[PDB]
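Note sheet for the following structure.
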Amino acid sequence: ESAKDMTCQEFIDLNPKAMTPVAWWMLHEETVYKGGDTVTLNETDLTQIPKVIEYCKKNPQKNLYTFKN
Amino acid sequence: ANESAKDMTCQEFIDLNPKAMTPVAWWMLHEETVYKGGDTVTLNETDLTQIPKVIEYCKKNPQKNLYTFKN
């Protein structure tokens, strides 16, 4: 029941108010934080999160975390 | 307007895909705070104790907003 177990279909079906935190976590957990003094969205997220959504629409059966491959 | 992560109600939180609860709670607890983690972004022991308290808070107060946990 971890985020790494979430499918792309589950991701695109999330309450919209959950999609940004979930996408952020997938993109950033277990990576170096490069975003500055405070935790915030940054331009990388502006460009990547829409790509995650599109990737998951095209590949709903794949796990969300396969975006990183 | 009413569609942002900051606007999530406690009822919405307890109704989430269970796989989303930890990332949503983490973001609520950490967004806009000073980053005090190590080299990489990981859960810490404060998250271990606080995230269950977030779940309990929203179960007890479904009418309140998630982000009011911080108050």
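Convention: chains lettered A, B, ... in structure tokens order; per-chain residue numbering from 1; ligands numbered from 1 as shown.
Within 10 Å of residue 26 (chain B), once only C-alpha atoms are used and residues closer than 2 positions along the same chain are dropped, the contacting residues are residues 21, 22 and 25 of chain A; 21, 22, 23, 24, 28, 29, 30, 31, 43, 47, 50, 51 and 54 of chain B.
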Residues from last step as file, N, CA and C atoms, as a PDB file, in the first residue's frame:
ATOM      1  N   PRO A  21       0.750  16.203  -4.638  1.00  0.00           N
ATOM      2  CA  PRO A  21       1.648  15.571  -3.646  1.00  0.00           C
ATOM      3  C   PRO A  21       2.134  14.191  -4.071  1.00  0.00           C
ATOM      4  N   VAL A  22       1.255  13.370  -4.652  1.00  0.00           N
ATOM      5  CA  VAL A  22       1.669  12.012  -5.029  1.00  0.00           C
ATOM      6  C   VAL A  22       2.704  12.036  -6.143  1.00  0.00           C
ATOM      7  N   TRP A  25       6.044  13.271  -4.727  1.00  0.00           N
ATOM      8  CA  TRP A  25       6.703  12.225  -3.968  1.00  0.00           C
ATOM      9  C   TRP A  25       7.384  11.201  -4.892  1.00  0.00           C
TER      10      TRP A  25
ATOM     11  N   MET B  21      -2.126   8.339   0.909  1.00  0.00           N
ATOM     12  CA  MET B  21      -2.247   9.008   2.198  1.00  0.00           C
ATOM     13  C   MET B  21      -0.914   9.509   2.731  1.00  0.00           C
ATOM     14  N   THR B  22       0.114   8.675   2.671  1.00  0.00           N
ATOM     15  CA  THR B  22       1.413   9.122   3.176  1.00  0.00           C
ATOM     16  C   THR B  22       2.001  10.297   2.374  1.00  0.00           C
ATOM     17  N   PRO B  23       2.004  10.226   1.039  1.00  0.00           N
ATOM     18  CA  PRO B  23       2.519  11.396   0.293  1.00  0.00           C
ATOM     19  C   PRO B  23       1.716  12.663   0.541  1.00  0.00           C
ATOM     20  N   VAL B  24       0.392  12.549   0.622  1.00  0.00           N
ATOM     21  CA  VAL B  24      -0.445  13.722   0.871  1.00  0.00           C
ATOM     22  C   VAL B  24      -0.169  14.296   2.257  1.00  0.00           C
ATOM     23  N   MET B  28       1.607  17.979   3.219  1.00  0.00           N
ATOM     24  CA  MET B  28       0.960  18.896   4.152  1.00  0.00           C
ATOM     25  C   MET B  28       1.899  19.293   5.282  1.00  0.00           C
ATOM     26  N   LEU B  29       2.661  18.330   5.798  1.00  0.00           N
ATOM     27  CA  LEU B  29       3.553  18.587   6.929  1.00  0.00           C
ATOM     28  C   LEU B  29       4.806  19.350   6.535  1.00  0.00           C
ATOM     29  N   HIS B  30       5.252  19.203   5.288  1.00  0.00           N
ATOM     30  CA  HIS B  30       6.562  19.731   4.884  1.00  0.00           C
ATOM     31  C   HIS B  30       6.543  20.895   3.899  1.00  0.00           C
ATOM     32  N   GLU B  31       5.501  21.044   3.092  1.00  0.00           N
ATOM     33  CA  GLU B  31       5.502  22.116   2.113  1.00  0.00           C
ATOM     34  C   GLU B  31       5.580  23.453   2.848  1.00  0.00           C
ATOM     35  N   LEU B  43      11.485   9.835   4.364  1.00  0.00           N
ATOM     36  CA  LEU B  43      10.724   9.901   5.598  1.00  0.00           C
ATOM     37  C   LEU B  43      11.659   9.870   6.799  1.00  0.00           C
ATOM     38  N   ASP B  47       8.035  12.128  10.940  1.00  0.00           N
ATOM     39  CA  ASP B  47       6.954  11.695  10.041  1.00  0.00           C
ATOM     40  C   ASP B  47       6.256  10.432  10.547  1.00  0.00           C
ATOM     41  N   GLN B  50       4.037  11.643  13.328  1.00  0.00           N
ATOM     42  CA  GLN B  50       3.013  12.632  12.967  1.00  0.00           C
ATOM     43  C   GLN B  50       1.998  12.125  11.964  1.00  0.00           C
ATOM     44  N   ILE B  51       2.418  11.359  10.958  1.00  0.00           N
ATOM     45  CA  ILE B  51       1.452  10.936   9.928  1.00  0.00           C
ATOM     46  C   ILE B  51       0.293  10.098  10.494  1.00  0.00           C
ATOM     47  N   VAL B  54      -2.110  12.550  11.945  1.00  0.00           N
ATOM     48  CA  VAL B  54      -2.902  13.193  10.894  1.00  0.00           C
ATOM     49  C   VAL B  54      -4.120  12.342  10.537  1.00  0.00           C
TER      50      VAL B  54
END
Shell of 12 Å around region 57-61 of chain B, only C-alpha atoms, local chain residues under 2 positions omitted, as a PyMOL selection string: chain B and resi 8-16+21+25+50-55+63-71
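Near chain B, within 6 Å and using only C-alpha atoms, the residues of chain A are residues 1, 2, 3, 17, 21, 22, 29, 30, 31, 32, 33, 37, 38, 39 and 40 of chain A.
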Just N, CA and C atoms for this one: save the residues we selected as a PDB file, in the first residue's frame.
ATOM      1  N   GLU A   1       0.842  -1.231   0.000  1.00  0.00           N
ATOM      2  CA  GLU A   1       0.000   0.000   0.000  1.00  0.00           C
ATOM      3  C   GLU A   1       0.858   1.255   0.000  1.00  0.00           C
ATOM      4  N   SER A   2       2.010   1.184  -0.653  1.00  0.00           N
ATOM      5  CA  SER A   2       2.914   2.316  -0.756  1.00  0.00           C
ATOM      6  C   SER A   2       2.678   2.970  -2.084  1.00  0.00           C
ATOM      7  N   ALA A   3       3.128   4.210  -2.213  1.00  0.00           N
ATOM      8  CA  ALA A   3       3.051   4.891  -3.485  1.00  0.00           C
ATOM      9  C   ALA A   3       3.701   4.104  -4.627  1.00  0.00           C
ATOM     10  N   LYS A  17      -6.994  16.769  -5.636  1.00  0.00           N
ATOM     11  CA  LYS A  17      -6.267  17.410  -4.550  1.00  0.00           C
ATOM     12  C   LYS A  17      -5.136  16.556  -3.978  1.00  0.00           C
ATOM     13  N   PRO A  21       0.750  16.203  -4.638  1.00  0.00           N
ATOM     14  CA  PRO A  21       1.648  15.571  -3.646  1.00  0.00           C
ATOM     15  C   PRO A  21       2.134  14.191  -4.071  1.00  0.00           C
ATOM     16  N   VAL A  22       1.255  13.370  -4.652  1.00  0.00           N
ATOM     17  CA  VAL A  22       1.669  12.012  -5.029  1.00  0.00           C
ATOM     18  C   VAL A  22       2.704  12.036  -6.143  1.00  0.00           C
ATOM     19  N   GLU A  29      11.191  11.459  -3.955  1.00  0.00           N
ATOM     20  CA  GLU A  29      11.629  10.612  -2.851  1.00  0.00           C
ATOM     21  C   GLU A  29      12.839   9.800  -3.279  1.00  0.00           C
ATOM     22  N   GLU A  30      13.793   9.698  -2.352  1.00  0.00           N
ATOM     23  CA  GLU A  30      15.064   8.980  -2.555  1.00  0.00           C
ATOM     24  C   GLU A  30      15.941   9.572  -3.665  1.00  0.00           C
ATOM     25  N   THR A  31      15.735  10.865  -3.922  1.00  0.00           N
ATOM     26  CA  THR A  31      16.613  11.684  -4.768  1.00  0.00           C
ATOM     27  C   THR A  31      17.121  12.869  -3.962  1.00  0.00           C
ATOM     28  N   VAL A  32      18.189  13.504  -4.444  1.00  0.00           N
ATOM     29  CA  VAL A  32      18.768  14.683  -3.802  1.00  0.00           C
ATOM     30  C   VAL A  32      17.799  15.872  -3.907  1.00  0.00           C
ATOM     31  N   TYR A  33      17.488  16.608  -2.821  1.00  0.00           N
ATOM     32  CA  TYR A  33      16.602  17.785  -2.952  1.00  0.00           C
ATOM     33  C   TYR A  33      17.445  18.935  -3.471  1.00  0.00           C
ATOM     34  N   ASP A  37      15.953  26.440  -0.079  1.00  0.00           N
ATOM     35  CA  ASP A  37      15.889  26.439   1.381  1.00  0.00           C
ATOM     36  C   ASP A  37      14.593  25.851   1.944  1.00  0.00           C
ATOM     37  N   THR A  38      13.491  26.065   1.244  1.00  0.00           N
ATOM     38  CA  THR A  38      12.203  25.559   1.716  1.00  0.00           C
ATOM     39  C   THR A  38      11.651  24.582   0.718  1.00  0.00           C
ATOM     40  N   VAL A  39      10.797  23.684   1.205  1.00  0.00           N
ATOM     41  CA  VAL A  39      10.189  22.677   0.352  1.00  0.00           C
ATOM     42  C   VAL A  39       9.052  23.316  -0.423  1.00  0.00           C
ATOM     43  N   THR A  40       9.194  23.349  -1.743  1.00  0.00           N
ATOM     44  CA  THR A  40       8.198  23.977  -2.604  1.00  0.00           C
ATOM     45  C   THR A  40       8.219  23.311  -3.966  1.00  0.00           C
TER      46      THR A  40
END
Could you pull out the helix (DSSP H, G or I) residues of chain A, going by DSSP on the backbone, and write them as a PyMOL selection string? chain A and resi 3-5+8-13+16-28+43-58+64-68
Can you tell me, as number ranges by chain, what residues are no more than 12 Å from residue 54 (chain A) when counting only C-alpha atoms, ignoring any on the same chain fewer than 5 positions away? A: 8-9, 11-12, 47-49, 59-60, 64, 67
Only N, CA, C and O atoms, please: the residues just picked out, written as a CSV table (one decimal), in the first residue's frame.
chain,number,residue,atom,x,y,z
A,8,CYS,N,-0.7,3.5,-12.8
A,8,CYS,CA,-1.0,4.8,-13.5
A,8,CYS,C,-2.5,5.0,-13.5
A,8,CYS,O,-3.0,6.2,-13.3
A,9,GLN,N,-3.4,4.0,-13.6
A,9,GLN,CA,-4.8,4.2,-13.5
A,9,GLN,C,-5.2,4.7,-12.2
A,9,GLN,O,-6.0,5.7,-12.1
A,11,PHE,N,-3.4,6.5,-10.2
A,11,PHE,CA,-2.9,7.8,-10.1
A,11,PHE,C,-3.9,8.8,-10.8
A,11,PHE,O,-4.3,9.8,-10.3
A,12,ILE,N,-4.3,8.5,-12.1
A,12,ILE,CA,-5.1,9.5,-12.8
A,12,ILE,C,-6.5,9.5,-12.2
A,12,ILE,O,-7.2,10.5,-12.4
A,47,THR,N,7.1,21.2,-15.3
A,47,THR,CA,7.3,20.5,-16.5
A,47,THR,C,7.1,19.0,-16.4
A,47,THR,O,6.5,18.4,-17.3
A,48,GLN,N,7.5,18.3,-15.3
A,48,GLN,CA,7.4,16.9,-15.2
A,48,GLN,C,6.0,16.4,-14.8
A,48,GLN,O,5.6,15.4,-15.3
A,49,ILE,N,5.3,17.1,-13.9
A,49,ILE,CA,4.0,16.5,-13.5
A,49,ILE,C,3.0,16.4,-14.6
A,49,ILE,O,2.4,15.3,-14.7
A,59,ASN,N,-0.5,4.8,-20.5
A,59,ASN,CA,0.0,3.5,-19.9
A,59,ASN,C,-0.7,3.2,-18.6
A,59,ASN,O,0.0,3.0,-17.6
A,60,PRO,N,-2.0,3.0,-18.6
A,60,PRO,CA,-2.7,3.0,-17.3
A,60,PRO,C,-2.4,1.7,-16.5
A,60,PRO,O,-2.6,1.7,-15.3
A,64,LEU,N,2.8,3.7,-11.7
A,64,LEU,CA,3.2,5.1,-11.7
A,64,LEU,C,4.7,5.3,-11.7
A,64,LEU,O,5.3,6.1,-12.4
A,67,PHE,N,7.3,5.7,-14.6
A,67,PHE,CA,7.6,7.0,-15.2
A,67,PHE,C,9.1,7.3,-15.2
A,67,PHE,O,9.7,7.9,-16.1
Residues of chain B in strand (DSSP E or B), written as a PyMOL selection string: chain B and resi 9+34+40-41+65
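Reported to one decimal place, the separation of CA of residue 51 (chain A) from CA of residue 68 (chain A) is 11.0 Å.
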Using only C-alpha atoms, which residues sit within 9 Å of residue 41 (chain A) once same-chain residues fewer than 3 positions away are excluded, as a VMD selection string? (chain A and resid 24 35 44 to 46) or (chain B and resid 31)
Using only N, CA, C and O atoms, please write the residues we just selected to a file, as a PDB file, in the first residue's frame.
ATOM      1  N   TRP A  24       4.742  14.547  -6.883  1.00  0.00           N
ATOM      2  CA  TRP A  24       5.947  15.114  -6.290  1.00  0.00           C
ATOM      3  C   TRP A  24       6.744  14.044  -5.549  1.00  0.00           C
ATOM      4  O   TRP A  24       7.970  13.907  -5.722  1.00  0.00           O
ATOM      5  N   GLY A  35      15.799  21.866  -4.562  1.00  0.00           N
ATOM      6  CA  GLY A  35      14.779  22.913  -4.757  1.00  0.00           C
ATOM      7  C   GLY A  35      14.884  24.175  -3.916  1.00  0.00           C
ATOM      8  O   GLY A  35      14.016  25.056  -4.014  1.00  0.00           O
ATOM      9  N   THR A  44      10.988  22.296 -12.422  1.00  0.00           N
ATOM     10  CA  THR A  44      11.089  20.878 -12.779  1.00  0.00           C
ATOM     11  C   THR A  44       9.745  20.181 -12.617  1.00  0.00           C
ATOM     12  O   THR A  44       9.365  19.339 -13.413  1.00  0.00           O
ATOM     13  N   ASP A  45       9.039  20.523 -11.542  1.00  0.00           N
ATOM     14  CA  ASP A  45       7.748  19.908 -11.261  1.00  0.00           C
ATOM     15  C   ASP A  45       6.675  20.385 -12.229  1.00  0.00           C
ATOM     16  O   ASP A  45       5.806  19.618 -12.647  1.00  0.00           O
ATOM     17  N   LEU A  46       6.746  21.662 -12.593  1.00  0.00           N
ATOM     18  CA  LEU A  46       5.820  22.242 -13.560  1.00  0.00           C
ATOM     19  C   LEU A  46       5.920  21.520 -14.901  1.00  0.00           C
ATOM     20  O   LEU A  46       4.912  21.293 -15.580  1.00  0.00           O
TER      21      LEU A  46
ATOM     22  N   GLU B  31       5.501  21.044   3.092  1.00  0.00           N
ATOM     23  CA  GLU B  31       5.502  22.116   2.113  1.00  0.00           C
ATOM     24  C   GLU B  31       5.580  23.453   2.848  1.00  0.00           C
ATOM     25  O   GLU B  31       4.951  23.638   3.886  1.00  0.00           O
TER      26      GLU B  31
END
